[PDB]
Structure formats: C-alpha cells, structure tokens
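Engineer: Right, I'll just put the structure down here and ask away after.
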Amino acid sequence: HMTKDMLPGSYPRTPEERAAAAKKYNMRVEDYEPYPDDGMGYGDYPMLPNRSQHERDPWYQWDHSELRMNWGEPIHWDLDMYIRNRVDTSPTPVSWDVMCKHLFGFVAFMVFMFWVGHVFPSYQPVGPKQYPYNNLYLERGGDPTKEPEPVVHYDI
Amino acid sequence: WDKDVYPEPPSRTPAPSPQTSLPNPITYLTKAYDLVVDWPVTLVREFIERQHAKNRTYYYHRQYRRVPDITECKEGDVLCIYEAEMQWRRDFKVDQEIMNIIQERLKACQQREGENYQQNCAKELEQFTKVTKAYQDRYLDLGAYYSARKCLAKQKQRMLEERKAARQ
Amino acid sequence: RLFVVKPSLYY
Amino acid sequence: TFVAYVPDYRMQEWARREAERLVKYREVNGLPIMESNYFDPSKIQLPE
Amino acid sequence: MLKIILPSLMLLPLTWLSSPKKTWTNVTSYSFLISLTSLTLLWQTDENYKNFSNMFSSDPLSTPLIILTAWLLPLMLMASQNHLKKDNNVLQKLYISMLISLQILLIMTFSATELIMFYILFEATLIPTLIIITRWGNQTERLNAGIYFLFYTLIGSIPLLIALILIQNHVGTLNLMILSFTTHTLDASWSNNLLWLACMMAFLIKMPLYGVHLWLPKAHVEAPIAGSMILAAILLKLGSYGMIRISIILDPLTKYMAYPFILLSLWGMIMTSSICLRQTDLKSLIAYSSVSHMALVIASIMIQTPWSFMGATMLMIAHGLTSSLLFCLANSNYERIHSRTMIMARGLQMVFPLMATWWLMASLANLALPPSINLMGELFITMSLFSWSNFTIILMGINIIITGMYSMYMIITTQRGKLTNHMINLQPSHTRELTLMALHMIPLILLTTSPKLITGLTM
Amino acid sequence: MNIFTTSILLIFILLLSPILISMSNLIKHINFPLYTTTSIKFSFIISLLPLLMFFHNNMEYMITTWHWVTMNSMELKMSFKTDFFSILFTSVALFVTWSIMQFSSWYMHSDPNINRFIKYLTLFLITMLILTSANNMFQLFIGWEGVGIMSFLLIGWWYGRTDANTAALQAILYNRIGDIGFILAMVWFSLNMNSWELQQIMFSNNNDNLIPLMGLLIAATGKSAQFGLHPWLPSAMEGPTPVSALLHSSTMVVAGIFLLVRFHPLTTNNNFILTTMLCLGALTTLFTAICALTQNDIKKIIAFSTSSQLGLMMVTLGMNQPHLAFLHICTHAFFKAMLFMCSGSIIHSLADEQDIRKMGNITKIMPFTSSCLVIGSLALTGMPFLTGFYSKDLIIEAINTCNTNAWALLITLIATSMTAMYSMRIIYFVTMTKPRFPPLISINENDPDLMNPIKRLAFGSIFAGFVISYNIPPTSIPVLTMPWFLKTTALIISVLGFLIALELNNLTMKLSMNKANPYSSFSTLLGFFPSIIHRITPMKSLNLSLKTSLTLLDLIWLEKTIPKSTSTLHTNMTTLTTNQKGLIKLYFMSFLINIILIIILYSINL
Amino acid sequence: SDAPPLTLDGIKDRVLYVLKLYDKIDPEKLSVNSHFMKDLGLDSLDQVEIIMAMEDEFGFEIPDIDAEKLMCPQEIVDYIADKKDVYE
Amino acid sequence: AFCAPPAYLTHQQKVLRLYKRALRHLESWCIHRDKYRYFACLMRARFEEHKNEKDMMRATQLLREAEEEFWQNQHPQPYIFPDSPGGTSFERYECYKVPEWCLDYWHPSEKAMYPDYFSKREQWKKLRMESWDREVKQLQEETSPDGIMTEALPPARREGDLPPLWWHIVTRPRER
Amino acid sequence: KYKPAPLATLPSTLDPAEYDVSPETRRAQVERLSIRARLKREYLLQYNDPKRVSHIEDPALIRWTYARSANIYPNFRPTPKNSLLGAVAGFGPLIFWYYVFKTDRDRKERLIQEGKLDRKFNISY
C-alpha cells in the first residue's frame, strides 16, 4: 500500500524536506542529491551515478538477479536502457578517444584506397571480346527492319 | 481451356541418342512410377468420372443484357445513372481480368522461350504495351471513388487536348 | 535417478 | 464451410470467363483487345 | 439486418430475467449464434451492393466490421468473467447489457446509409464506454480519462453535424450512393476548406493523430479488458469508416488538405513507435502501437488510391484482432499479479509454457511477419505512399524497424528472462483465457488463407 | 513432366508431416528426432531425382500451384521456379541437415525440450526451401522473415543466457534493416512493371533500375555478413553449435547472395553495382580476417571465416561470375558445417570449454575429429582437389583476370592468405601443442550417431565439388590463358600462409613475453566498431525517445496546450462570472447599463 | 557425453593429491584440517595460489569473498559440496 | 556467492585480488603452463620484495601504479570461466532451474504418481511452520537497538531448534 | 594511457577517490551497509514468511513508475530552452518533410504536364 507521504513531490529547497525525502527513499542525506530545476518533470527523484548494471557485483545473490538490484535500493531514472539487455558501460582496457580514432582512420584509409584503385585500376593487357552478328544485334531485341552500323570484325 | 486464348506453342521434342555401354536410370525409374502410381490413380479417376456422368449436372453462363450509357442519361435522374454505372463496373472488372490474362500468357511465353526471351518474347510485349496504353488512358488517375462519370471526364479532357493539337 | 521439478501442465 | 463454398465472390470468376470469351472474339475478328476510348466519340458533342 | 439486430435486442431481457447460474452460458452461446448468422452478408455474388431499406445497407467495407464486432462481443463477455466475480449479479448484468448495447449500436452504424443516423449512433457509442470505464476501473484517474474521451469525441461531433446540415440543405438528401451519383466539385475557397475540416476533424480526433493521441492511453490503462478491447478494435474504426464513406464528396480538396495531416500522422507514428520502447506500462505500450498503425491507416485513407484503401482495411482488421489479443494477455498476467508494470513479472515461459505461443503469435503479427493481412496491408499502403512520393519509404522503414524492436522487447521482458521467486500467486492458465487467445488467433489464419473477403471497395 | 512436380511437392509434404505430428499426441510415445531424421533422408533421396532429370534435360521448370487472390490486375499465387540454383540447393541443404539432426539427437541428451528443438529446425528448413525455390518476391519475403524469426528462437533456446537475448535482438534489427531495401525493391517493381515475378521483371533489362538494386544490396548486407552489418554473426555463437552451423554456415546468410544471383540479369547492365559489390564484399575479407587471428572461441573464428567467404562471393558477383558464386556456396557449406560438428563433439566431450587456450593433444586423444578438422581446414585453405579448389581457384583466376579494382584485388589476396593463417592457428593451438586442458577425462566418440555423420560429410566435402564442377552445364566462358604466377596465385599464397603460421606459432614459445600491441588488441576487439556503435547509438536513440517524445511532447506540451489551457481559461471565466455578491444596488445598475446599450444599438442601427 | 557426478571421497582424495604435489611448505603429510596459516605457517600468496589451482582442477571459479576466508581443506570441500549439491 | 562482503575493504584483500587477476590474465597471455608458472613465480618475487613494507604511503603509491600497469597491460579478451559470468554456461540452465512452490498447483492425477516424494514434502513444510515464529524472536530479541548491522545471520543458539531463514537457501535447485 | 567517458566510466580500482582511508568516508560506507542489511533482512522476513498467499510489493518500483508517468505535469515548470526544444520537435521536422514532399510533387506535376515522365506499366497505383 502507498500514500502521498511515501510518494514523490516537489523540489525540496530546504534540508527539512530533503532529509525526510531521503529517509523515505531509503537513502542517506549527504548522498541524496536531486536533479536540477529546469521544469522538465524530474521533480525530486534522486540523481544517481550514470552507471550501467553490468558493473554491479555479479556474485552477491541479488534478489533481482536479472537486474542485480535489491528490494528498496532506489531505481535509476533511466533503468530502461540499463536493464542489462541493452547499453553496457562496461569499461574497456582501450579508451574511447583512441578506439574511435583507430576506427575512423582505418575506414578512411580503406575508402580512400578504393577510390584510388578505381581511378587507377587493373586490367589484362588485351582488348575487348568480340561478337559475330553486330554484337548479336537481333538477340538484344533490335528489330527486323533496321540495318545499323555494320560491325565487321577482322582477323588481327 | 480455350487454346485459341492460351497458345501453347508446339513442342519440338528431341530424340534419344544414348551412345554408351550403361543403362539410362530414368527409363526404369519412370516406368516403375507410371506403373505403381498412375495405375490406381487413373482407375480412381475413371470411377469418379463415371459417378459424375451418371448423376450429371449442368450450369450456364450469365449473359448481362446491355443498357444505355452515361451519355444518354439526364443529370439529376439516377435510375439510369445506376444501371449505367454498374455496367461500367462490370466492364472495368473484365478489363482487369484481361490484363491478368495478358500477363499470364506473357510469363508463359518468356519461360517457354528460356534465354531467347529478348527475341521471340517480343511479340507479346507489344500487345502488352498497347493494351497498357489503353488501360492507362482509361483508368489511370480516377481514384478509389472511380466511376463512369470520372472516366468520361478523363476521356473528354483527352479528346479536347488531342483536338486542340490537331487544329494547331 | 532424481526428481525433476516442473509446473502443472495438466491445464 | 459456408464462406469457402460461397460462389464467385464479387464476380472474380464470371469476369475471368467473360474476359476469355471476349479475347477470343476480338483476337479472331481482328479488333484490338482494348480501345483507348471507352464511350462512342460519335454520340458525344463538345464545345469549341 | 433485423435478423442480426433483434436477437441482439433479445439478449438483454434474456440477461435480465435469466437465473445467475445460467445467464452467462445462455447469453454467451446465443451471442455466438448471432455471430454465425451474421455471415449472410457474405453472399455477395455480384457487384450490386446490398440494400435492405432506406434505413439500412451493407457493403464490402462494412461487413467485416460487422462480423468482427458480433464476434468480439462474446470475447468481451468471457474475458469479463473472472473479475467482478465478487460483484453482485445485478451489477454484472448491467455490464452485460452495456456490452450488448455497444454491439447493437456499432452494427446499426456500420450498416446505416444516412450519415446523420451514423452520427447519432457514433455518439451514442459513448455512454456505455464512459460507464464501463468509470464504474469498473481499478485506479482513480479513470474519471479524467472518461472526461477526456467524452469531450474530445463531442468537440469532433459538433462541426461534423453542422456540415451535415449544410449538405442536407445545399444538396437535397444525405443518403449514400446518392451523394455519389449527384456529387459535384467545389470552387475551392476558404469556405469549402473549413467545410472539409468540420467534416474530417471528428473522425480524426477519434482515430488518433500525434496531436490528439492523449485520451487513448488513459482509457486503455484505467479501463478494463472489455473497454480496452472495444476501443482498440472498433471505436477507432468508426472514424475510418466515416471518413471513407464521406470523402466521396470533397474532391478535390483532399489533395492539398492532406499534407499537414499526412505529415502529422507519419511523424506521430515514428515518435509513438519510439516511445513504445521506453513505456513501462504494458497497456500503454500497446495503445501507442495502435496509434502507430492507425497513422498508417490515415495516411492511406487521405490520398485516395485503391491499393491504399484495401491496405487500410486489411491493416484495420488485423490490428483490431491483434490488439484485442494482446490486451487479453496483459489482463491475464495482471489478474495474477495486480501490477501492469512490465519489469515486475519476468522470466516466464517456465510455468506458462503454452501461453507464450499465444504471446509470440501476436508480436509476429504486430511486426508484420508474413503471410499475414498485417503485412499485406502495411505493404500495399507503403506502395501507395511510394507512388504518392518517393521520400516516404524512409518513414515506413523507420517504423518497421522500431516495431521489430519493441515487439521483441515486450516478448523478452515477460517470457525470456529468469523466473522471479516471490510470485507465488501464479494460478496456471485457465481454459477460458486460452480459448480467448485461440479465438482471436484462428481467424487470422483463415483470413491469411482467403483474404478476398477482407479487401475493401476496390476488390 | 509429372514426376518432377510430384517430387518437388513431396519434399515439402515430407518436411510438413513431422510438424503435423507435433500437434498430435504421439510424441510422448515416439522418437521424434529419429522420425524427423529419416523423413529428411527420404526427402533428400527424392530431391536427387530432379538433379538427374535436370542434368539429362537441362530443362528448367516453373509452376503455379495455388491461386491466392486477384487484386485488380496484380494477382498472386504460390509459384515455384525449379532451376539449377534451387534444385541443387535443396539437395545440398538436406544432405547437411540429415547429418545435423543425427548430431543433435546425440548432442542434446539430458535436455527435455528436444522435440521442440527438432520442430523448430524443420520449420526453419521449410522456410528456407520456400525462399530458395520461390519465384514471387512475396513468397521470398515470407522465407526471409520466417528464417529471421526462427534464428531468433534458436538463439535463445536457453532463455536465461541473458546475452543471448541481446544477440537475437541484434540479429532481428539487422535483418529488418535489410528488409527495408527489400520492400523498396518490391514496391519499385510493383509500380514500374505491375508484377512481382521474375519472369515479368526480366523485362527491366534496359532501364536504370538502380533503386531496387540498392535495395537488394542492403538486403544482402543485412541477411548475410558484410561491413556495416556483420556484428550479428559472431554473437549467435552464444547459441548451440548445431544451429550456429546450420543457420550460420550454409543458410540464413547465403540467402542474400541467392537473391542477388536470381536477380543477376539486371545486374549485368549496371556498371555501378558491379563496382560497389567489390568495395563492400572484398573489404569484409579484411575486417574479419583481422578479427580471425586472435579470437579464441572456435565458433567465433569459424563465423569470421564464413563472413570472409561470403564477402569473396559478393566480390565474384560484382565481377560477374554468379554460377561460380553459387557453386562456392554449395561446396563451402559442406566443410564449414563439418567444422562446427567436430567442434561440438570436442566441447561436449569436455566441460563446455570452447577456448582453444585450454585444449591440446587432440590428435592423439581423439584422432577422428582431428582428421576431419584437418580435411576441412585444408579444403578451406584451397587444397587442390577437395571441393574447395573447384570454385575458389576459378574465382581467384577471374579476380585478377578481369578489370577489378586494385585495392579490392589486393585485400582479397591478403584474405586468401589469412585463411591458411587462422586455419593453421586452429591446428596448432588445438591439435599439435600440449594437453593444457583439465586432468579429468570422459572422452567418448565411438557412438555411431556422432561418428557416421562426419564420415558422410567428409565423403561429400571431398567428392561433390568435383562431381558438380564436371556435371553442371558450363554456364560461363572461362579464361585459360595467363602466366603461372597468376594461375597458381591462391596455391602459392596459401602455402605462404602455412609457413608463416608455423613460424609464428613456434615463436609463441621461447619465453618471448607478450605485449598488448594495438593492432592485435584491435583485431581481438573486432576493431572497436561494436564497442562504440552498440554503446552510443542505443543510448542516444533511447534518450531521445524519452526526453523529447515521451515527456516533452506527450506528457508536457500536448497537455499544457489544448486541455489544460481550456481548463484554466474556462475556470477563470467562471471565477469572474460567479464572483458576484448578492446586492440589488449593483444588479440594478447592471440592468441599467444593459438598457442603455440596447437603446443605443437600436438608435445607431435605426 | 556426460561423466558421472562427484562424491566426497573423490573430492578429498583429489584435494590431497594436489596439496601434496605442492612443494613450498607442505611436509607431504596433510591433516584434513591442516590449517594453512596457523598449523603450517603458510603465506597469503600460497593460499591464493592453492585456491587458483583448485579452480583450474575443477573448472569453475571460486569468488574472492570466500577464497580469502577458506582456511581448511574440509572447508574447501564443504564449499564445493554446497556449490555442486552432491551427496543426495 | 552466499556470504556477503563488508562495506569497506583492506589493503590486504585489494592486493590479493590484484594478484589473482594478474595471474589469470597471465595464464591467458602466456598459454603454455610452463611459461605461466615461470612468470607467476616472477610476479610472486615482485610481490615478496615489497611485502614486508607497511608504510601506507608506499602502499597506496604501489597499489595505484600497479592497477594502472595492470589495466594498461591486461588481456583484451581474457580467460572467462564458463560456470561464472562472461562464460558460455552462465545461466544456461536457469531456464530449467524451476523453484519448488510450482509444486502446490499440480493436479492430483499427476502427483498420484511420484507419491513417495509428496509423502515427504508435508513433513518438510511441517519442519518450517513449527519452527518459524521462534526464528523471529531470535533476531527481534537480538536486534541490537544500536542499529548498526551487517547482512550476516546468527545460528540457532539453542539445540534441536533450527536456524533462522533457511528457506531461501535450502530448496535452492541444483545446478545440473 | 586512459581517460574517462560518459560510457566507459573510470573502473573501480583506478578511482583516486577510492583507496581513501577517511574515517568519515568509511563511516558513510558502514552506514550504507547498515541500511542495505536492514533492507535485505526486512525482505527475507517476507520471502520465507510462511502462511503467505501473495507476493511482495516493490514501493521503489511503484514510485519510479509514478515519477515517470503522473508526477510530471504538476512539478513541471515551463522555461526557455524547454519551450524551445518542444517547439522545435513539434514544428521543424514536419515542415522539412513537407517542403521535401511538395517540391517532389511539383516536379512530378510539371514533368507530366510537359508529357515526359515514363509512366509505362503504372496501371495499378
């Protein structure tokens, strides 16, 4: 069962309200810190670290073993993208800047060389394959009433 | 199966030249099939057709008498408009089915000609382009609320344009 | 030879 | 059962039959299969 | 048509006087008999539309809705048979009576010709819905939800009526197919433009765009299974049917009186499909999906192409059935738990092994898995819109993708995880709810098989 | 002309029959896996007949079984096109699936829902056969999406392996991103030619017809593995090995290429596609070979190899050798499946340790799987006569013999080397070094259901390539006039790969301590491409779906604007009109103002 | 290809095998309760390497929370038994 | 994974965990067990060098340099243990790891067979209700009003009677 | 070496603010522990509570849903950059798409009026 006192409210501008809000959300004051006040609706729901849920201690037998979250432990406002079937902030041995740099450099090099090779291609030192009947001008639709350029092919 | 409608071009079958010292499998295979499968199936088909013939039944084809057209139909009055518009819907449906027939015959011709579809499969394509210019100039930009009135407006605007062109 | 826990399945 | 054994729903069968017959007729008689003008342009009359 | 109505007008006294131990079964079976008899309309041998009097009529675009309604009635009944189990016999009888009145009104309107009769019925649809939603909900905001519903609908209703009057006076009569055989063209001035508005604004406010989609979630959430069913299935379809039947006159206005509405419909489809990803409330997710599909319906209705109309009808029917089914499933998972939230119950499919295959078979029909009337409609409508412009496949594809995403998100946060350990209240599946799922599904199979019935005017 | 259609429908009827049995009550009494395996065997024996009749007549066939609808000059019907491609692909797929089903019947004991697994497999099989032997692009889309969803389920069979759900979601997203372009093609054709069928589409052999080709191209990149949309192939490996082979060695990826080749007639008159098929497919022969040098998981390595081969085939398409591409699909399937089969045997013998890093001495401890694995490795390298050659080496002829872009050719040959590289990597780390696995041992491979399938598949992977290369009609005109250093390039370069892999694997010893170098770290981490994409794109898209749409539009403004505004307005007007106190001294003054107003109005208006 | 499960006698014999192949301090005579730090004067390094060797011997992994607290072969065996649910 | 950790940690456990992590990553880098033993002995010497030191300054400095060196020279794709996170068996069987309370809703036509086992469930649950209330006072009596508690759980200080909160641990299904 | 990011946070160990030995910070940690232990014990006095015929209510979950669903407009206060982002999302893209479509349609219309655009086979539309 629930009640207004147990539910959220407005931005507490006084420690008097802040401490009660914290003991309600089952937290500690000095850690409690709400969102800024730009009137987007955050209200007074705590601002928590923007961490995913692959980070949490995976060994402890959490109650919500799919979320690694305990019973009353406040819930990150953006959990829907940290449900662990989604975005992962699992830190990387390599770093953000360096990985993006590597990738972009590689891809640029590849596409540049592809353009290079299209401008200066390869080909076998021969000419174009021949075709007997005006390049088969009939079998390519053509028409039975038109004598176009007589394409004669010679020997060497 | 009106063959005058569906051509079914001839079948220039080849001949067998099995020059080797080994037997054709298809011979025995198809012989055994035509033996064991077609026999019972054919007997059953004859049984069914005999029961049919003994308790035969017929059915005819509905011939819709014709009626006046939208032209000879005074505005405001309706009865005429209805007996014309429904006839026109019938004609529309028949033309659509004609299109289907053309397309079917075309795909047939194509496959049956194989890789030579660019040379021997060009006749039917001309019937197609012609029929399609017709179906376009008739039923292109009407709208799901299409009807004889809108088709007639189309025809009339097109006639006026052609006539202005002719006169200049 | 052990048990195997499971739901009803009769319904 | 009722539905599956409904006949010629919206004439999609009678129409196929009719198109076959008409195409036979016209292919034989030499007419084209579809004229680009539906109503008789004679009975019709236009302004200038 | 009386052969369809009169018995539906007899189920009422039947319910009133029948004994408690038997009213449920009696009324249910007889409503099924009504559903059966409702197929006589399908003997559409030839193209000559059916007309029974100056007061009724049928058509290929209406018959489907009629049968679907007469067949969603008993499903509402059944799905409304475990809750209100501790509510008095008189109260549950009232509930049945309201459902039946909804059925009768919807039939009479989807059949009627005169748009004024259509309108009075379109507005009488309310009272039973408002009641069902206020007197049988499970939360408190149901009141505000009903208010929004009612007043959106009536604001729409008014100028529609005023334009019907202007018509009835300028033109001689309002009967359909006479409006057709004696329509005309308009000088295309601000007068006729505002007339186009006052004629389409109500149907649109009902079939929600991006701008006025607000009363749908509140309804489908605060209201019970039957109200949710009927909303997601028909009370939207009424706007579509009205628009189809009425746009016949306003040519050509609808060429340039559409760009804003098409734009809004597409953008709203996209934004709502996105919200369907991060909307906790399951029923709210379903409602926004419904918005995403009805936006396609509208974009296909405006531009007036035959492919478009057939796709609209296909997708219409498909969404109706599929949404009723998804809502049955939601309710099911709710009665055992009493919390709509998606992330509370998780990792099922270990105790409801079958039900999943009634969850799965729905999503696949939402994300347009073929062969389904759903995809046939989506695809024909995308074809029409591609013809109308080459730069709409973009939005079609974005929507298809986001749907393929959130359908599976829903499957996977309720039937793919690992089972909780404090949901001891998981009463196994009831034959009743399994039956409801099967009945919502099977017709999808039969119609995927033979859809010629479900095409529309142009086929 | 009646036996043919009889067989072509009988195979589908056979595959149906089990599924039907699934509905019934016999399963609890019957050995469903053996039932299905044998039905599949007889389906294969049936499918064989078409091959004989086709090689003896070379007569393609086209059929229209059932008429679905008639949608006003655009009909629909269940149409099949039994030509070389599909009539051969059916037989190959069944020859593989029979063995796979035996392997599963042996590999998935101790699991209850095995009959469920089998039903899912045969359902996918039916859908793939539909896609293969289908003509109407609609039937083809049916196959497409059914394959997609079947793969979803199979990757997720263990619905607690959390990351498996995400892998399946990846797969669905990318397959839909392909379906986009496919629907684009369907629409363009239904508009510009009124039909969906290849017969009536072939007549588009003259126009620009570039948008539908781009659509089919995106469909290929999606359903197959290519640069933009490969990342879903490595993750599937999270699922079981039988499906990680079937659905990701010879099926669900060859689909896109099958589509392109069925549409080849229109790709010979578009010199842009002919090019983009090289800057897209050859590249993948590098961006995965790299990732196929340090990856430890057997299945991941094999999947990257598969992506490499598929890129190679898209390249040969780009340069117009489609029948070559198809033959390579056929051959490639055999050994790319036997490899996963052997790997599954290895794993089940051990305690679920895919990692090469914890296995060795496999030759002595298990000769059979090692012999077969070496067969497959050398066949993939391109050994001269193991059914790999008979496609790979003709392809490597054409690639240098035609006017192919330089960088494309070059990275393609580099990849042809990296093949041998990671093959010998498998060999060394698994079959030649010491037994670095745990002490306990319960090996067993003398079981027939696991020893016979590999035997049959090895015979196939050794013979069928040659048989086909000598029995098929000679579609194209080859080129048999070039220098030796261009006719034997693949051979030479694969031998080079062997030597280099030996040198380096032997360098792994010598107490040469390692160092985290960036090239190798990149290779191992796929290139960081997933690490950034799957971590920013979701985040931004979801944060937008929340901030702007949900809150800032659908809960804030579209309510503050219409309803709450009306509320405030009417509320204030009511406050005004009922702020009145009961004083006649005021009511009468008001009456008087009104009287004055009325008099003045009449006076003005006369 | 599943081998049979594990029993207490097998576990104990294996653990003794390994802790005897150990060379640093074990005088080749380990009491089942031969406490490492107390009754054998071992080091934290040695104990941790023992835990790691056991992890490798039994495939699975032992978490730090309990690796740091295990100070008895009997305790290791009790842990393994309560993890694999042996001795029906 | 049964016992819970303390809030804070100590230099001891920090260094131990760094050691185990580095040794696993080394087993991964250098495959052959001989090379692994070699470099592990080298790391052991590196540690025993500074072991005896105790100055918190040098402690923190060495630890924070060690973590940086570790994170900068670790293995990109390490050696995960299958039965543990990251592996290819984690949760693989949770789809089959049903709990018991699914039992109650069986049908009698089914629990007709398997009769013996259901002859013992009752005497197990009977072993629960008869000794539940007591398991509460043991805490509500020892719920030290000081109000500074950990997640540990005291045993049955009496004999015969059972401990507190054994249900959520006992009956936990097998691993299979 | 390494730098932080909004995605790849600075892992546990490297964090300079960790390894701190502050008595106040350690006391805060132990207070968090007291809290979490009280929570888990209150939860376990219900997970196993016999005679139970129901489930548990997650008030954190309920409050999260309340704050995402219905506590929004009341605590909402309009300001600029907010009205701005809203008007943007509500106007901009619609109008962009609209100019696109109108230009395309006018191109098509003038093309046809000229009588050029190849419409062969566009029989169904």
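This entry, so its header tells us, was determined using electron microscopy, 3.8 Å.
Cβ coordinates are placed from backbone N, Cα and C, and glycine is handled just like the others.
Pulled from Swiss-Prot, these are the listed features:
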- E:60-80: transmembrane segment (TRANSMEM)
- E:90-110: transmembrane segment (TRANSMEM)
- E:113-133: transmembrane segment (TRANSMEM)
- E:147-167: transmembrane segment (TRANSMEM)
- E:194-214: transmembrane segment (TRANSMEM)
- E:224-244: transmembrane segment (TRANSMEM)
- E:257-277: transmembrane segment (TRANSMEM)
- E:284-303: transmembrane segment (TRANSMEM)
- E:308-330: transmembrane segment (TRANSMEM)
- E:350-370: transmembrane segment (TRANSMEM)
- E:392-412: transmembrane segment (TRANSMEM)
- E:434-454: transmembrane segment (TRANSMEM)
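Help me picture where these features are in the structure shown.
Structural biologist: Counting same-chain residues at least six beyond the ends of the transmembrane segment (E:90-110), those with a Cβ under 8 angstroms from any Cβ of the stretch are 1, 4-5, 8-9, 11-12, 15-16, 23, 27, 56, 62, 65-66, 69-70, 73, 76-77, 80, 84, 117-118, 121-122, 124-125, 128-129, 131-132, 136, 226, 230, 234, 238, 241.
For the transmembrane segment (E:194-214), the residues of the chain that approach it from at least six positions outside its boundaries are 148, 152-153, 155-160, 162-163, 166, 235-240, 242-243, 246-247, 250, 253-254, 257, 261, 264-265, 267-268, 271-272, 288, 291, 294-295, 297-298, judged by C-beta separation under 8 angstroms.
When Cβ-Cβ distances below 8 Å are used as the criterion, the transmembrane segment (E:224-244) is approached by residues 61-62, 65, 68-69, 72, 75-76, 79-80, 83, 95, 99, 102, 106, 109-110, 115, 118, 122, 125, 129, 132-133, 136-138, 200, 202-208, 216, 283, 286-287, 290, 294, 297-298, 301, 309, 312, 316, 319-321, 323-324, 327-328, 331, 457 of the same chain, each at least six residues removed from its ends.
Long-range Cβ contacts of the transmembrane segment (E:257-277) within its own chain (Cβ-Cβ under 8 Å, at least 6 residues beyond either end) map to 193, 196-197, 200, 204, 209-211, 213, 250, 285, 288-289, 291-293, 295-296, 298-299, 302-303, 392, 395, 398-399, 402-403, 405-406, 409.
Long-range contacts of the transmembrane segment (E:284-303) within the same chain, counting only residues at least 6 positions beyond its ends with a Cβ under 8 Å from a Cβ of the stretch, are 204, 207-210, 213, 216-217, 219-221, 232, 236, 240, 243-244, 247, 254, 258, 261-262, 265-266, 268-269, 272-273, 275-276, 309, 311-312, 315-316, 319, 323, 326-327, 330, 342, 366, 377-378, 381, 384-385, 388, 399, 403, 406, 410.
If one looks beyond the transmembrane segment (E:350-370) by at least 6 residues along the same chain, the residues whose Cβ comes under 8 Å of a Cβ in the stretch are 289, 318, 322, 325-326, 329, 332, 376, 378-379, 400, 403-404, 407-408, 410-411, 414-415, 419, 426, 428-429, 434, 437-438, 441, 444.
Away from its own ends, the transmembrane segment (E:392-412) comes close to residues 266-267, 269-270, 273-274, 276-277, 282, 285, 289, 292, 296, 342, 359-360, 363-364, 366-368, 378, 382, 385-386 of its chain (Cβ-Cβ under 8 Å, at least six residues beyond either end).
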